[PDB]
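Here the structure comes first, spelled out in structure tokens, and everything after it is commentary.
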Amino acid sequence: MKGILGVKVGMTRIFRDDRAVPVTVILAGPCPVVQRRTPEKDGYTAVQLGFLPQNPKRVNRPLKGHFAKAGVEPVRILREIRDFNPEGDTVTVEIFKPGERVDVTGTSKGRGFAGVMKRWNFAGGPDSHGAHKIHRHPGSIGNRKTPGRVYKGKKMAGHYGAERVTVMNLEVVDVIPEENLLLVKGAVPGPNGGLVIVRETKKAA
Amino acid sequence: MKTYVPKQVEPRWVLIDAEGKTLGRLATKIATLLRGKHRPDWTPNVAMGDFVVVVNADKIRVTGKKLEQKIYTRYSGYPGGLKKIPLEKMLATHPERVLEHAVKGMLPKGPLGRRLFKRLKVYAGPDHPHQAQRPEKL
Amino acid sequence: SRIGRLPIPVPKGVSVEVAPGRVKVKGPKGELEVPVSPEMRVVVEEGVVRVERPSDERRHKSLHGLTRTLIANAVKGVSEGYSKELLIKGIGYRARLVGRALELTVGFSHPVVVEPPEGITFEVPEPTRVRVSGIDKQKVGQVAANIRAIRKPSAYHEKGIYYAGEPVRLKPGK
RNA sequence: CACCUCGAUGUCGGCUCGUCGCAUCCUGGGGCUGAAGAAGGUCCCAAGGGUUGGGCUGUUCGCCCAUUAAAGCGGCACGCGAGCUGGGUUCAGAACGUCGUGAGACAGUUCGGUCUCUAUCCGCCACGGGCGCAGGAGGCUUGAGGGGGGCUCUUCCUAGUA
RNA sequence: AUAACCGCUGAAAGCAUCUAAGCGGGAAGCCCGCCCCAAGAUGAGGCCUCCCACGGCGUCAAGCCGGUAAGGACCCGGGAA
Ligand SMILES: [Mg+2]
Ligand SMILES: [Mg+2]
Ligand SMILES: [Mg+2]
Ligand SMILES: [Mg+2]
Ligand SMILES: [Mg+2]
Ligand SMILES: [Mg+2]
Ligand SMILES: [Mg+2]
Ligand SMILES: [Mg+2]
Ligand SMILES: [Mg+2]
Ligand SMILES: [Mg+2]
Ligand SMILES: [Mg+2]
Ligand SMILES: [Mg+2]
Ligand SMILES: [Mg+2]
Ligand SMILES: [Mg+2]
Ligand SMILES: [Mg+2]
Ligand SMILES: [Mg+2]
Ligand SMILES: [Mg+2]
Ligand SMILES: [Mg+2]
Ligand SMILES: [Mg+2]
Ligand SMILES: [Mg+2]
Ligand SMILES: [Mg+2]
Ligand SMILES: [Mg+2]
Ligand SMILES: [Mg+2]
Ligand SMILES: [Mg+2]
Ligand SMILES: [Mg+2]
Ligand SMILES: [Mg+2]
Ligand SMILES: [Mg+2]
Ligand SMILES: [Mg+2]
Ligand SMILES: [Mg+2]
Ligand SMILES: [Mg+2]
Ligand SMILES: [Mg+2]
Ligand SMILES: [Mg+2]
Ligand SMILES: [Mg+2]
Ligand SMILES: [Mg+2]
Ligand SMILES: [Mg+2]
Ligand SMILES: [Mg+2]
Ligand SMILES: [Mg+2]
Ligand SMILES: [Mg+2]
Ligand SMILES: [Mg+2]
Ligand SMILES: [Mg+2]
Ligand SMILES: [Mg+2]
Ligand SMILES: [Mg+2]
Ligand SMILES: [Mg+2]
Ligand SMILES: [Mg+2]
Ligand SMILES: [Mg+2]
Ligand SMILES: [Mg+2]
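Sequences listed follow chains 21, 58 and 51, in order.
Position 176, counted from 1, in the first sequence is what the deposited numbering calls 176; the numbers after and before it change by one each time, with no gaps.
Position 70, counted from 1, in the second sequence is what the deposited numbering calls 70; the numbers after and before it change by one each time, with no gaps.
Position 82, counted from 1, in the third sequence is what the deposited numbering calls 83; the numbers after and before it change by one each time, with no gaps.
Next comes the structure, spelled out in structure tokens:
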């Protein structure tokens, strides 16, 4: 179930076949597998990956030259591709061909403490007529004596954003092995420069 | 003359087959052992019990239509968070857990009842961890 | 009266092996295992096999007929048990054969393709008549059933898949 | 009926926010038809999701316009005023009809009429601190168990075939 | 895996019967599948890699004190947090 780490670079549009095709280019660099998981030692199947080669040594003492391909140990190792057992070490963007569909996990921009209405797209209060300081407010939260309490899922304002988000079935528009680029259309989560992991789709697999 | 009370005792183990044993009828005794109401020094506030190991628990058998008709329910916290799970489904997904459940409900409630339940170790199919003595009981 | 749970069976190509819950038939055309009640003895005698019930309550009586007939079928089974005919009626409707599989056109926008299950064999002597060959009776009758359920007989016309025999019908209609 | 509440359990409607029931409005699956087809009728299964925008009236409801797959019915203190409104009702002003000699009065009408910054506990949304997880650490991850989600229409080909 | 339903095989009841023993189909529903949280799952899981088994009193059931080790903190420059 092929997968590879990357960073959101930025967006643009591509003009394919006289159509616009807005695209989000994510760079998925070479990915030096530093561990494998086995139903023997582990009980499931995956690859550790590792990405962004930097630090000279901030790596300190716990480390792997155990798989030793961690030579130039990487900043972010973010790991499981789950059931993926690749060809040799070092998965590349060669992994994906254009027209392939893919799911993309990433970290949604943090909005911090966000009202109901933007958290939950609540309606809010009227801006006039009676009004009185409830324009941006949630309304009733419950009934009366029964149940005499508030349901355990109840949509309210709190930290919103800065969370795991996986937008699915994205089309691979292009892949540029040269610079390790990759082009998908649209939705992919989070800030430019943030980490994204990129997997084959679950429409079929 | 005060009534005798145990000093710290030796935690005897015990092994049980469960294959073909009924359920609640197997449960009854597993409870009694767990409490140690078979020991003549029995003390309510302490729990000098037996540790119980039960095997072949996928193999408990039960009467009537219970395999289909009997339901376990789980309320989460949430609207419509009551889950309804048939016996067949349980056994097929987590075998045992049905014996663990039947026994738990039969142990008392409170700090100590919850401790005794730790002393009942249930496994599916044959074998188990071989550490202690575990005299086979029938 | 004179209820059919205790006549006698038949010999001559075939063996009967009574196990505790099951009996193994094993005759010229194949072998069938008949699950039977654990209770209720079945006794094999000369050139015949009987079945006897423990009690006279309707619980054993009902099991009694069933059990005799269940075994008997397996004996009829392992010597010529197939039958199950099925003629196809109406215009565009024809049946063809593909390898072991059966393909029929009943008037959908596709052909419908039915592979035979284990121990079942298809025959098409004319495109408009079919035959389902088998050792196992219940499995023949099912497979036959399944075929007929694609396009069952219309109420308003003769079009469909008909068990041979199985008379025809007129509402009439408009 | 008069049982808790008159040393106070704020009352219609709206709005916001829902959650549940199923006697199901729609969608899915069915039987019967006085079911040719299409389209209905009736009854069974089914609560997953859905269930429009306006005119009029304080209205609920209803009627109507234009649509729709449909424009479901109930419960939750006729859900929800320490969430909002305040049109209605329901103080004090004023008028009409009417009743009363009168003062006044009317589930009759009319116009007007103070809706209280600070959340202790439970509950709910978020977020940390502590300790535990019997050697301590830096990574990585299994998923028991939860939650989210769950709608539907038109057209075209099949085929102007059956 | 099931609902209503449609069937097979099939007695009790020589016939018949989807049902009493069985089996097969069969729903936007159920259980999985998807996405998210998730080991306070005190039933506290697992894998990789590190540091190491000092010195004294407690001559002992746990410890204790001082530096330590791997590692952390603190302080600082910042951040689509
Ligand atoms: Mg922010
Ligand atoms: Mg939002
Ligand atoms: Mg507004
Ligand atoms: Mg204002
Ligand atoms: Mg209130
Ligand atoms: Mg309550
Ligand atoms: Mg009273
Ligand atoms: Mg009285
Ligand atoms: Mg009162
Ligand atoms: Mg009071
Ligand atoms: Mg009060
Ligand atoms: Mg119903
Ligand atoms: Mg229908
Ligand atoms: Mg019709
Ligand atoms: Mg109908
Ligand atoms: Mg529903
Ligand atoms: Mg106007
Ligand atoms: Mg108006
Ligand atoms: Mg009205
Ligand atoms: Mg309307
Ligand atoms: Mg409601
Ligand atoms: Mg009322
Ligand atoms: Mg109310
Ligand atoms: Mg108010
Ligand atoms: Mg209140
Ligand atoms: Mg007013
Ligand atoms: Mg007054
Ligand atoms: Mg007068
Ligand atoms: Mg008045
Ligand atoms: Mg009045
Ligand atoms: Mg004024
Ligand atoms: Mg006013
Ligand atoms: Mg309280
Ligand atoms: Mg904490
Ligand atoms: Mg789970
Ligand atoms: Mg779930
Ligand atoms: Mg046409
Ligand atoms: Mg069935
Ligand atoms: Mg029959
Ligand atoms: Mg018969
Ligand atoms: Mg049955
Ligand atoms: Mg099935
Ligand atoms: Mg759907
Ligand atoms: Mg996770
Ligand atoms: Mg832990
Ligand atoms: Mg752990």
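Even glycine gets a Cβ: it sits at the ideal position worked out from N, Cα and C.
#1: Here's a check: name, in chain order, each residue in its chain whose Cβ is nearer than 7 Å to the Cβ of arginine 37 (chain 21), leaving out the five neighbours to either side.
#2: By the criterion of Cβ-Cβ separation under 8 Å, what are the contact partners of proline 79 (chain 58) in chain 21?
#3: Could you give the DSSP three-state label for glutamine 48 (chain 21): helix, strand or coil?
#4: Counting C-beta neighbours from all protein chains within 10 Å, is the total for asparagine 56 (chain 58) 16 or more, i.e. buried, or is it exposed?
#5: Can you name the start and end residues of the beta strand (DSSP E) that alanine 96 (chain 51) belongs to?
#6: Note down, in chain order, each residue of its chain lying with its Cβ closer than 7 Å to the Cβ of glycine 108 (chain 51), except the 5 sequence neighbours on either side.
#7: Rounding to the nearest angstrom, what Cα-Cα distance links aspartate 127 (chain 21) and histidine 137 (chain 21) in this structure?
#8: Do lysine 2 (chain 21) and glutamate 200 (chain 21) have their C-beta atoms closer together than 8 Å?
#9: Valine 52 (chain 51) to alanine 27 (chain 58), Cα distance in whole Å?
#10: CB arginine 97 (chain 51) to CB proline 128 (chain 51), shorter than 8 Å?
#11: Do you know whose CA, among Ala20 (chain 21), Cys31 (chain 21), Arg82 (chain 21), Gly110 (chain 21), lies nearest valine 91 (chain 21)'s CA?
#12: Looking at the secondary structure, which residues open and close the beta strand (DSSP E) in which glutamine 35 (chain 21) lies?
#13: First and last residue of the beta strand (DSSP E) that includes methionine 168 (chain 21)?
#14: At a threshold of 7 Å, does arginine 144 (chain 21) count as lining ligand 5 (C-beta to nearest heavy atom)?
#15: Helix, strand or coil for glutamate 32 (chain 51)? Go by DSSP, reduced to three states.
#16: For ligand 1, any of its heavy atoms closer than 7 Å to the Cβ of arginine 111 (chain 21)?
#17: Any heavy atom of ligand 6 closer than 7 Å to the Cβ of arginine 149 (chain 21)?
#18: Indicate, with yes or no, if ligand 4 has a heavy atom lying under 7 Å from the CB of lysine 57 (chain 21).
#19: Any heavy atom of ligand 2 closer than 7 Å to the CB of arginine 136 (chain 21)?
#20: Please report the distance separating the alpha-carbon of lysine 160 (chain 51) from that of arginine 170 (chain 51).
#21: Out of curiosity, what's the CA-to-CA distance linking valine 54 (chain 58) and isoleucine 16 (chain 58)?
#22: How about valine 37 (chain 51) and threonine 68 (chain 51): are their beta carbons less than 8 Å apart?
#23: Which residues in the same chain as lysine 203 (chain 21) place their Cβ atom closer than 7 Å to its Cβ, once the five residues preceding and following it in sequence are excluded?
#24: Between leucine 5 (chain 21) and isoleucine 197 (chain 21), how many whole angstroms is the CB-CB distance? I'm expecting something under 8 Å.
#25: Taking 7 Å as the limit between beta carbons, can you name the residues of its chain near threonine 106 (chain 51), skipping five residues before and five after?
#26: For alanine 102 (chain 58), count the other beta carbons within 10 Å of its own beta carbon; 16 or more makes it buried, fewer makes it exposed. Which is it?
#27: By the DSSP assignment, the beta strand (DSSP E) with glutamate 124 (chain 51) in it spans what residues?
#28: Nearest-angstrom Cα distance between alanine 132 (chain 58) and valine 14 (chain 58)?
#29: In chain order, which continuous runs of the beta strand (DSSP E) of length 3 or greater are located wholly inside the segment 42–126 of chain 51?
#30: Give the C-beta separation of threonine 22 (chain 58) and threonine 73 (chain 58) to the nearest angstrom, bearing in mind that I take them to be a contact with Cβ-Cβ under 8 Å.
#31: Only counting the same chain, and skipping five residues up and downstream in sequence, which positions put a Cβ closer than 6 Å to that of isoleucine 95 (chain 21)?
The relevant details are as follows:
#1: In the first sequence, the residue the question calls residue 37 (chain 21) occupies position 37. For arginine 37 (chain 21), where only same-chain residues beyond five positions count, the Cβ hits under 7 Å are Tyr44, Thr45, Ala46.
#2: Counted from its first residue, the second sequence places residue 79 (chain 58) at position 79. By Cβ distance, chain 21 contributes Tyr151, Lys152, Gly153.
#3: Sequence index remark: in the first sequence, residue 48 (chain 21) carries index 48 (1-based). The answer is strand: DSSP assigns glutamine 48 (chain 21) an E or B state.
#4: Walking along the second sequence from the start, residue 56 (chain 58) turns up at place 56. Buried, because 16 or more other Cβ atoms sit within 10 Å of the Cβ of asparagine 56 (chain 58).
#5: Position 95 of the third sequence, counted from the start, is the residue given in the question as residue 96 (chain 51). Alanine 96 (chain 51) -> beta strand (DSSP E) spans 95–99.
#6: Working through the third sequence from its first residue, we reach residue 108 (chain 51) at position 107. Here the set comprises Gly93, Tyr94, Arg152.
#7: Residue numbering aside, residue 127 (chain 21) sits at position 127 when the first sequence is read from its first letter. Residue numbering aside, residue 137 (chain 21) sits at position 137 when the first sequence is read from its first letter. Approximately 11 Å between the Cα atoms of the pair.
#8: For the purposes of this step, residue 2 (chain 21) is taken as residue 2 along the first sequence, with counting starting at 1. For the purposes of this step, residue 200 (chain 21) is taken as residue 200 along the first sequence, with counting starting at 1. A contact, by the Cβ cut-off of 8 Å.
#9: Taking the first residue of the third sequence as position 1, residue 52 (chain 51) is located at position 51. Taking the first residue of the second sequence as position 1, residue 27 (chain 58) is located at position 27. Each residue's alpha carbon lies about 40 Å from the other.
#10: The residue labelled residue 97 (chain 51) in the question sits at position 96 within the third sequence. The residue labelled residue 128 (chain 51) in the question sits at position 127 within the third sequence. For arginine 97 (chain 51) and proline 128 (chain 51), yes; Cβs fall inside 8 Å.
#11: If you number the first sequence from 1, residue 91 (chain 21) lands on position 91. Comparing Cα-Cα distances from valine 91 (chain 21) to each of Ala20 (chain 21), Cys31 (chain 21), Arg82 (chain 21), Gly110 (chain 21), the minimum goes to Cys31 (chain 21).
#12: Looking up residue 35 (chain 21) in the first sequence gives position 35. 35–37 is the span of the beta strand (DSSP E), which, as asked, contains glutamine 35 (chain 21).
#13: Translated into positions along the first sequence, residue 168 (chain 21) becomes position 168. 164–176 is the extent of the beta strand (DSSP E) around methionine 168 (chain 21).
#14: Taking the first sequence and counting its residues from 1, one reaches residue 144 (chain 21) at position 144. True, at least one ligand heavy atom lies under 7 Å from that Cβ.
#15: Counting from one through the third sequence, the residue named residue 32 (chain 51) turns up at place 31. Of the three classes helix, strand and coil, the one that applies to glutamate 32 (chain 51) here is coil, per DSSP.
#16: Numbered from its first residue, the first sequence carries residue 111 (chain 21) at position 111. The answer is yes for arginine 111 (chain 21).
#17: One-based indexing of the first sequence puts residue 149 (chain 21) at position 149. For ligand 6, at least one heavy atom lies less than 7 Å from the Cβ of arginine 149 (chain 21).
#18: Residue 57 (chain 21) sits at position 57 when you count from the first residue of the first sequence. Not so, every heavy atom of ligand 4 lies at least 7 Å from the Cβ.
#19: Your numbering for residue 136 (chain 21) matches position 136 in the first sequence. No, since every heavy atom of ligand 2 falls outside the 7 Å radius drawn around the Cβ of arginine 136 (chain 21).
#20: Position 159 of the third sequence holds residue 160 (chain 51). Position 169 of the third sequence holds residue 170 (chain 51). Approximately 11 Å, taken between the alpha carbons.
#21: Sequence index remark: in the second sequence, residue 54 (chain 58) carries index 54 (1-based). Sequence index remark: in the second sequence, residue 16 (chain 58) carries index 16 (1-based). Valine 54 (chain 58) and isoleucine 16 (chain 58): Cα-Cα distance of roughly 5 Å.
#22: Within the third sequence, the letter at position 36 stands for residue 37 (chain 51). Within the third sequence, the letter at position 67 stands for residue 68 (chain 51). It is a contact, given that the beta carbons lie within the stated cut-off.
#23: Here residue 203 (chain 21) refers to the residue found at position 203 when the first sequence is read from its first residue. Cβ within range, chain order: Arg101, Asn169.
#24: Here residue 5 (chain 21) refers to the residue found at position 5 when the first sequence is read from its first residue. Here residue 197 (chain 21) refers to the residue found at position 197 when the first sequence is read from its first residue. With a Cβ gap of about 5 Å, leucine 5 (chain 21) and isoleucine 197 (chain 21) count as contacting.
#25: As a first step, residue 106 (chain 51) is located in the third sequence; it is residue number 105 there, counting from the start. So the list reads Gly93, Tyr94, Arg95, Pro112, once near-sequence residues are dropped.
#26: Within the second sequence, the letter at position 102 stands for residue 102 (chain 58). Result: buried.
#27: On the third sequence, residue 124 (chain 51) is found 123 positions in, with the first residue counted as 1. Element bounds for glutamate 124 (chain 51): 121–124.
#28: For this step, residue 132 (chain 58) is matched to residue 132 along the second sequence. For this step, residue 14 (chain 58) is matched to residue 14 along the second sequence. Distance between the alpha carbons of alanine 132 (chain 58) and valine 14 (chain 58) is about 9 Å.
#29: 43–46, 49–52, 88–90, 95–99, 102–106, 113–115, 121–124
#30: Translated into the one-based positions of the second sequence, residue 22 (chain 58) becomes position 22. Translated into the one-based positions of the second sequence, residue 73 (chain 58) becomes position 73. With 8 Å as the limit, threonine 22 (chain 58) and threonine 73 (chain 58) do not qualify as a contact, their Cβ atoms being about 22 Å apart.
#31: On the first sequence, residue 95 (chain 21) is found 95 positions in, with the first residue counted as 1. So the list reads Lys2, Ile4, once near-sequence residues are dropped.
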